[PDB]
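**Student:** One file is attached below, work-v5.cif, containing mmCIF, C-alpha atoms.
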data_final
#
loop_
_atom_site.label_atom_id
_atom_site.label_comp_id
_atom_site.auth_asym_id
_atom_site.auth_seq_id
_atom_site.Cartn_x
_atom_site.Cartn_y
_atom_site.Cartn_z
CA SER A 1 15.82 21.96 -32.74
CA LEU A 2 18.30 24.81 -33.18
CA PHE A 3 19.24 24.41 -29.50
CA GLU A 4 20.38 20.80 -29.91
CA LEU A 5 22.20 21.62 -33.16
CA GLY A 6 24.06 24.54 -31.61
CA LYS A 7 25.17 22.44 -28.64
CA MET A 8 26.42 19.64 -30.90
CA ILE A 9 28.50 22.00 -33.02
CA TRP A 10 29.97 23.60 -29.91
CA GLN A 11 30.74 20.19 -28.41
CA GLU A 12 32.45 18.90 -31.56
CA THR A 13 34.28 22.05 -32.70
CA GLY A 14 34.57 24.08 -29.50
CA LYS A 15 33.43 27.17 -31.41
CA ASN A 16 30.35 29.32 -30.95
CA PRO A 17 27.90 28.05 -33.62
CA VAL A 18 26.18 31.38 -34.29
CA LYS A 19 29.33 33.45 -34.74
CA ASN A 20 31.23 30.86 -36.76
CA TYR A 22 28.46 29.25 -38.82
CA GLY A 23 25.48 31.60 -38.69
CA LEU A 24 26.40 33.36 -41.94
CA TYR A 25 29.30 31.27 -43.27
CA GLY A 26 29.68 30.80 -47.01
CA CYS A 27 26.71 30.13 -49.27
CA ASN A 28 25.03 27.37 -47.24
CA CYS A 29 25.68 27.84 -43.52
CA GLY A 30 23.08 29.47 -41.30
CA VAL A 31 20.57 31.98 -42.61
CA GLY A 32 19.20 31.51 -46.12
CA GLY A 33 18.82 28.48 -48.34
CA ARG A 34 21.41 26.64 -50.40
CA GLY A 35 23.85 27.62 -53.12
CA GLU A 36 27.10 26.47 -54.71
CA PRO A 37 29.38 25.58 -51.76
CA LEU A 38 32.56 27.65 -51.47
CA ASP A 39 34.58 25.05 -49.56
CA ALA A 40 34.46 21.88 -47.44
CA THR A 41 32.84 23.58 -44.46
CA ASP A 42 30.25 25.11 -46.78
CA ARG A 43 29.64 21.66 -48.28
CA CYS A 44 28.84 20.30 -44.80
CA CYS A 45 26.06 22.86 -44.57
CA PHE A 46 24.80 22.04 -48.05
CA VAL A 47 24.49 18.35 -47.15
CA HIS A 48 22.89 19.23 -43.82
CA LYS A 49 20.13 21.34 -45.38
CA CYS A 50 19.57 18.57 -47.94
CA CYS A 51 19.19 16.15 -45.04
CA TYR A 52 16.37 18.22 -43.56
CA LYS A 53 14.33 17.59 -46.72
CA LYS A 57 13.31 14.10 -45.55
CA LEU A 58 11.60 15.60 -42.50
CA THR A 59 7.88 15.64 -43.26
CA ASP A 60 6.27 15.47 -39.81
CA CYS A 61 8.39 17.72 -37.60
CA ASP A 67 10.01 21.14 -37.34
CA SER A 68 13.82 21.06 -37.50
CA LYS A 69 13.76 24.58 -36.07
CA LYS A 70 11.52 24.32 -33.01
CA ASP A 71 11.05 20.60 -32.29
CA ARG A 72 13.24 19.31 -29.45
CA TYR A 73 14.82 15.86 -29.39
CA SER A 74 16.95 13.89 -26.95
CA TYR A 75 20.63 13.11 -27.44
CA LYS A 76 23.70 12.54 -25.29
CA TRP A 77 27.28 13.79 -25.49
CA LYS A 78 29.29 11.02 -23.83
CA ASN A 79 32.83 9.74 -24.36
CA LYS A 80 33.34 12.44 -26.99
CA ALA A 81 30.54 10.95 -29.08
CA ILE A 82 27.05 12.09 -30.04
CA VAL A 83 24.30 9.54 -29.45
CA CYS A 84 20.72 10.21 -30.53
CA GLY A 86 18.31 9.13 -27.79
CA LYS A 87 14.85 7.57 -27.68
CA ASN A 88 12.99 9.86 -30.06
CA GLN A 89 10.02 9.59 -32.39
CA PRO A 90 10.98 8.71 -36.01
CA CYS A 91 11.00 12.27 -37.39
CA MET A 92 12.90 13.62 -34.38
CA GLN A 93 15.47 10.85 -34.65
CA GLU A 94 16.01 11.60 -38.34
CA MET A 95 16.52 15.24 -37.39
CA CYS A 96 19.00 14.26 -34.69
CA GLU A 97 21.00 12.09 -37.10
CA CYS A 98 21.08 14.92 -39.67
CA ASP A 99 22.47 17.27 -37.04
CA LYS A 100 24.93 14.67 -35.72
CA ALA A 101 26.51 14.06 -39.13
CA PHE A 102 26.67 17.83 -39.69
CA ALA A 103 28.47 18.52 -36.40
CA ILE A 104 31.05 15.84 -37.19
CA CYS A 105 31.48 17.20 -40.72
CA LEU A 106 32.30 20.66 -39.37
CA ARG A 107 34.91 19.29 -36.96
CA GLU A 108 36.52 17.27 -39.75
CA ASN A 109 36.96 20.45 -41.80
CA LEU A 110 38.23 22.88 -39.16
CA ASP A 111 41.62 22.74 -40.88
CA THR A 112 40.26 24.70 -43.86
CA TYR A 113 37.86 27.02 -42.04
CA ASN A 114 38.09 30.38 -43.81
CA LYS A 115 37.76 33.54 -41.69
CA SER A 116 36.97 35.53 -44.84
CA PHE A 117 33.90 33.33 -45.39
CA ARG A 118 32.59 33.76 -41.83
CA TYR A 119 30.34 36.71 -42.70
CA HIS A 120 29.60 36.04 -46.36
CA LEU A 121 27.59 38.08 -48.87
CA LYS A 122 25.02 35.34 -49.50
CA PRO A 123 23.17 37.32 -52.21
CA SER A 124 26.34 36.93 -54.31
CA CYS A 125 26.04 33.13 -54.18
CA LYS A 128 25.22 31.21 -57.34
CA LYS A 129 22.53 28.57 -57.79
CA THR A 130 23.92 25.04 -57.96
CA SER A 131 22.96 22.28 -60.38
CA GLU A 132 23.88 19.58 -57.85
CA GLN A 133 20.89 17.69 -56.45
CA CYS A 134 20.34 16.63 -52.83
#
Would you mind writing the structure in this file as structure tokens?

**Tutor:**
Amino acid sequence: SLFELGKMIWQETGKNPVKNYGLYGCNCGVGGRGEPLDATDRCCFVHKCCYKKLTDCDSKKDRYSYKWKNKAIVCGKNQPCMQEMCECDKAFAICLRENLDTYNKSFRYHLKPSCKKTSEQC
């Protein structure tokens, strides 16, 4: 769920997830997907694409178990759909950390309606 995702992002990047990624670029947070503006934005594009494989659970409200130990994220003993959700989130959180070096403050609160549709598939 959003609660696990938020915690992961905070644990990996040390930044508040809502403020820093709630409206970032054309793919992070609210809204759907669009042509990614940068690496961070791309992380969000891939993440939302990942959620497509979830057919029996809610990536928004459904809770799953995971552990943050030894600076690593480990998905716990979850049902198939929940585990897939956890792995989607895990890869996303790592992706964000990997691209902190190009995080753009000007993209933090982006005008999503100005985003263009992409031709790239999931």

**Student:** Applied to the shown file, which residues does the PyMOL selection byres ((chain A and resi 128) around 6) return, written as number ranges by chain?

**Tutor:** A: 35-36, 125, 129

**Student:** Step by step, work through what the PyMOL selection byres ((chain A and resi 8) around 12) selects in the shown file, and finish by giving those residues as a tab-separated table (two decimals) with C-alpha atoms, in the frame of the given file.

**Tutor:**
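What follows is the written file result-v9.tsv:
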chain	number	residue	atom	x	y	z
A	1	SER	CA	15.82	21.96	-32.74
A	2	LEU	CA	18.30	24.81	-33.18
A	3	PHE	CA	19.24	24.41	-29.50
A	4	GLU	CA	20.38	20.80	-29.91
A	5	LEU	CA	22.20	21.62	-33.16
A	6	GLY	CA	24.06	24.54	-31.61
A	7	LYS	CA	25.17	22.44	-28.64
A	9	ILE	CA	28.50	22.00	-33.02
A	10	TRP	CA	29.97	23.60	-29.91
A	11	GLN	CA	30.74	20.19	-28.41
A	12	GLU	CA	32.45	18.90	-31.56
A	13	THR	CA	34.28	22.05	-32.70
A	14	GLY	CA	34.57	24.08	-29.50
A	15	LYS	CA	33.43	27.17	-31.41
A	16	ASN	CA	30.35	29.32	-30.95
A	17	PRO	CA	27.90	28.05	-33.62
A	74	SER	CA	16.95	13.89	-26.95
A	75	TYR	CA	20.63	13.11	-27.44
A	76	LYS	CA	23.70	12.54	-25.29
A	77	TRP	CA	27.28	13.79	-25.49
A	78	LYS	CA	29.29	11.02	-23.83
A	80	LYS	CA	33.34	12.44	-26.99
A	81	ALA	CA	30.54	10.95	-29.08
A	82	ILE	CA	27.05	12.09	-30.04
A	83	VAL	CA	24.30	9.54	-29.45
A	84	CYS	CA	20.72	10.21	-30.53
A	96	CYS	CA	19.00	14.26	-34.69
A	97	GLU	CA	21.00	12.09	-37.10
A	98	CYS	CA	21.08	14.92	-39.67
A	99	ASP	CA	22.47	17.27	-37.04
A	100	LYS	CA	24.93	14.67	-35.72
A	101	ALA	CA	26.51	14.06	-39.13
A	102	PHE	CA	26.67	17.83	-39.69
A	103	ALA	CA	28.47	18.52	-36.40
A	104	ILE	CA	31.05	15.84	-37.19
A	105	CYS	CA	31.48	17.20	-40.72
A	106	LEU	CA	32.30	20.66	-39.37
A	107	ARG	CA	34.91	19.29	-36.96

**Student:** Give me, as an MDAnalysis selection string, all polymer residues having an atom no more than 12 Å from residue 112 of chain A, counting only C-alpha atoms and skipping those fewer than 3 positions away in the same chain.

**Tutor:** chainID A and resid 38:43 105:109 115:117

**Student:** Which of these, A:95, A:34, A:87, A:131, has the shortest distance to residue 67 of chain A once you count all atoms listed in the file?

**Tutor:** A:95

**Student:** What is the atom CA of residue 90 of chain A-atom CA of residue 134 of chain A distance in Å, reported with one decimal?

**Tutor:**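 Going from atom CA of residue 90 of chain A over to atom CA of residue 134 of chain A, I get 20.8 Å.
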
**Student:** So the first atom is atom CA of residue 92 of chain A and the second is atom CA of residue 48 of chain A; what is the distance between them in Å, to one decimal place?

**Tutor:**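 So the answer is 14.8 Å.
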
**Student:** Would you kindly return, as a PyMOL selection string, each protein, DNA or RNA residue with an atom no farther than 12 Å from any atom of residue 24 of chain A, considering all atoms listed in the file and excluding same-chain residues fewer than 2 positions away?

**Tutor:** chain A and resi 17-20+22+26-34+41-42+45+115-123

**Student:** Keeping only C-alpha atoms, write those residues as a CSV table (one decimal), in the coordinates of the input.

**Tutor:**
chain,number,residue,atom,x,y,z
A,17,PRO,CA,27.9,28.0,-33.6
A,18,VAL,CA,26.2,31.4,-34.3
A,19,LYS,CA,29.3,33.4,-34.7
A,20,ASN,CA,31.2,30.9,-36.8
A,22,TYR,CA,28.5,29.2,-38.8
A,26,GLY,CA,29.7,30.8,-47.0
A,27,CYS,CA,26.7,30.1,-49.3
A,28,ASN,CA,25.0,27.4,-47.2
A,29,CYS,CA,25.7,27.8,-43.5
A,30,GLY,CA,23.1,29.5,-41.3
A,31,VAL,CA,20.6,32.0,-42.6
A,32,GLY,CA,19.2,31.5,-46.1
A,33,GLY,CA,18.8,28.5,-48.3
A,34,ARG,CA,21.4,26.6,-50.4
A,41,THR,CA,32.8,23.6,-44.5
A,42,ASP,CA,30.2,25.1,-46.8
A,45,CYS,CA,26.1,22.9,-44.6
A,115,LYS,CA,37.8,33.5,-41.7
A,116,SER,CA,37.0,35.5,-44.8
A,117,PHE,CA,33.9,33.3,-45.4
A,118,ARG,CA,32.6,33.8,-41.8
A,119,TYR,CA,30.3,36.7,-42.7
A,120,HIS,CA,29.6,36.0,-46.4
A,121,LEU,CA,27.6,38.1,-48.9
A,122,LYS,CA,25.0,35.3,-49.5
A,123,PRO,CA,23.2,37.3,-52.2

**Student:** One number please: atom CA of residue 88 of chain A to atom CA of residue 70 of chain A, in Å, one decimal.

**Tutor:**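 Separation of atom CA of residue 88 of chain A and atom CA of residue 70 of chain A: 14.8 Å.
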
**Student:** Any chance you could build segment 103-131 of chain A out to N, CA, C and O atoms and write it as an mmCIF file, in the frame of the given file?

**Tutor:**
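As a result, selection.cif now contains:
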data_model
loop_
_atom_site.group_PDB
_atom_site.id
_atom_site.type_symbol
_atom_site.label_atom_id
_atom_site.label_comp_id
_atom_site.auth_asym_id
_atom_site.auth_seq_id
_atom_site.Cartn_x
_atom_site.Cartn_y
_atom_site.Cartn_z
ATOM 1 N N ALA A 103 27.522 18.104 -37.425
ATOM 2 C CA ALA A 103 28.470 18.520 -36.400
ATOM 3 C C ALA A 103 29.829 17.843 -36.588
ATOM 4 O O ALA A 103 30.875 18.462 -36.387
ATOM 5 N N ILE A 104 29.813 16.573 -36.975
ATOM 6 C CA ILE A 104 31.050 15.840 -37.190
ATOM 7 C C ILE A 104 31.747 16.375 -38.442
ATOM 8 O O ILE A 104 32.967 16.524 -38.475
ATOM 9 N N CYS A 105 30.955 16.673 -39.465
ATOM 10 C CA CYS A 105 31.480 17.200 -40.720
ATOM 11 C C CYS A 105 32.235 18.507 -40.501
ATOM 12 O O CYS A 105 33.303 18.724 -41.070
ATOM 13 N N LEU A 106 31.676 19.375 -39.665
ATOM 14 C CA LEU A 106 32.300 20.660 -39.370
ATOM 15 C C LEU A 106 33.643 20.480 -38.667
ATOM 16 O O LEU A 106 34.616 21.162 -38.991
ATOM 17 N N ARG A 107 33.689 19.560 -37.710
ATOM 18 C CA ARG A 107 34.910 19.290 -36.960
ATOM 19 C C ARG A 107 36.001 18.765 -37.891
ATOM 20 O O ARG A 107 37.164 19.162 -37.797
ATOM 21 N N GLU A 108 35.606 17.875 -38.793
ATOM 22 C CA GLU A 108 36.520 17.270 -39.750
ATOM 23 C C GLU A 108 37.150 18.299 -40.689
ATOM 24 O O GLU A 108 38.242 18.081 -41.219
ATOM 25 N N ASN A 109 36.469 19.423 -40.888
ATOM 26 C CA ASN A 109 36.960 20.450 -41.800
ATOM 27 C C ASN A 109 37.428 21.748 -41.151
ATOM 28 O O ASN A 109 37.495 22.783 -41.814
ATOM 29 N N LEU A 110 37.760 21.693 -39.867
ATOM 30 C CA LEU A 110 38.230 22.880 -39.160
ATOM 31 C C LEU A 110 39.563 23.352 -39.729
ATOM 32 O O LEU A 110 39.903 24.531 -39.636
ATOM 33 N N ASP A 111 40.313 22.426 -40.319
ATOM 34 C CA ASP A 111 41.620 22.740 -40.880
ATOM 35 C C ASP A 111 41.577 23.650 -42.115
ATOM 36 O O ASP A 111 42.608 24.164 -42.540
ATOM 37 N N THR A 112 40.393 23.836 -42.696
ATOM 38 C CA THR A 112 40.260 24.700 -43.860
ATOM 39 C C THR A 112 39.227 25.801 -43.628
ATOM 40 O O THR A 112 38.801 26.472 -44.567
ATOM 41 N N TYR A 113 38.823 25.978 -42.373
ATOM 42 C CA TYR A 113 37.860 27.020 -42.040
ATOM 43 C C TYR A 113 38.443 28.347 -42.497
ATOM 44 O O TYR A 113 39.579 28.682 -42.163
ATOM 45 N N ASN A 114 37.657 29.097 -43.264
ATOM 46 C CA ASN A 114 38.090 30.380 -43.810
ATOM 47 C C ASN A 114 37.439 31.577 -43.114
ATOM 48 O O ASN A 114 36.229 31.787 -43.230
ATOM 49 N N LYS A 115 38.249 32.365 -42.411
ATOM 50 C CA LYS A 115 37.760 33.540 -41.690
ATOM 51 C C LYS A 115 37.068 34.536 -42.625
ATOM 52 O O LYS A 115 36.126 35.221 -42.221
ATOM 53 N N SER A 116 37.537 34.615 -43.866
ATOM 54 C CA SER A 116 36.970 35.530 -44.840
ATOM 55 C C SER A 116 35.558 35.120 -45.264
ATOM 56 O O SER A 116 34.797 35.933 -45.788
ATOM 57 N N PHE A 117 35.217 33.855 -45.031
ATOM 58 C CA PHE A 117 33.900 33.330 -45.390
ATOM 59 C C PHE A 117 32.919 33.382 -44.220
ATOM 60 O O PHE A 117 31.724 33.135 -44.396
ATOM 61 N N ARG A 118 33.422 33.698 -43.028
ATOM 62 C CA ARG A 118 32.590 33.760 -41.830
ATOM 63 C C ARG A 118 31.316 34.582 -42.003
ATOM 64 O O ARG A 118 30.219 34.110 -41.705
ATOM 65 N N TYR A 119 31.473 35.820 -42.462
ATOM 66 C CA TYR A 119 30.340 36.710 -42.700
ATOM 67 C C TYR A 119 30.307 36.939 -44.198
ATOM 68 O O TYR A 119 30.838 37.928 -44.703
ATOM 69 N N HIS A 120 29.679 36.007 -44.902
ATOM 70 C CA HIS A 120 29.600 36.040 -46.360
ATOM 71 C C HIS A 120 28.416 36.799 -46.952
ATOM 72 O O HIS A 120 27.343 36.880 -46.354
ATOM 73 N N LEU A 121 28.627 37.347 -48.147
ATOM 74 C CA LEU A 121 27.590 38.080 -48.870
ATOM 75 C C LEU A 121 26.769 37.035 -49.621
ATOM 76 O O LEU A 121 26.965 36.826 -50.818
ATOM 77 N N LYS A 122 25.852 36.385 -48.914
ATOM 78 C CA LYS A 122 25.020 35.340 -49.500
ATOM 79 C C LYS A 122 24.315 35.711 -50.815
ATOM 80 O O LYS A 122 24.183 34.871 -51.706
ATOM 81 N N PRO A 123 23.840 36.961 -50.950
ATOM 82 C CA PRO A 123 23.170 37.320 -52.210
ATOM 83 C C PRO A 123 24.064 37.153 -53.438
ATOM 84 O O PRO A 123 23.572 37.086 -54.565
ATOM 85 N N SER A 124 25.374 37.084 -53.216
ATOM 86 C CA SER A 124 26.340 36.930 -54.310
ATOM 87 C C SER A 124 26.518 35.463 -54.702
ATOM 88 O O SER A 124 27.175 35.156 -55.701
ATOM 89 N N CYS A 125 25.935 34.564 -53.916
ATOM 90 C CA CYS A 125 26.040 33.130 -54.180
ATOM 91 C C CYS A 125 25.301 32.722 -55.444
ATOM 92 O O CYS A 125 24.286 33.313 -55.807
ATOM 93 N N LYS A 128 25.822 31.700 -56.111
ATOM 94 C CA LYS A 128 25.220 31.210 -57.340
ATOM 95 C C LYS A 128 24.417 29.936 -57.105
ATOM 96 O O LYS A 128 24.735 29.143 -56.215
ATOM 97 N N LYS A 129 23.370 29.748 -57.901
ATOM 98 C CA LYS A 129 22.530 28.570 -57.790
ATOM 99 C C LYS A 129 23.344 27.366 -58.252
ATOM 100 O O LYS A 129 24.116 27.465 -59.203
ATOM 101 N N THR A 130 23.181 26.233 -57.578
ATOM 102 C CA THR A 130 23.920 25.040 -57.960
ATOM 103 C C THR A 130 23.049 24.096 -58.777
ATOM 104 O O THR A 130 21.822 24.156 -58.712
ATOM 105 N N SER A 131 23.688 23.238 -59.565
ATOM 106 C CA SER A 131 22.960 22.280 -60.380
ATOM 107 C C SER A 131 22.955 20.924 -59.669
ATOM 108 O O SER A 131 22.221 20.011 -60.045
#
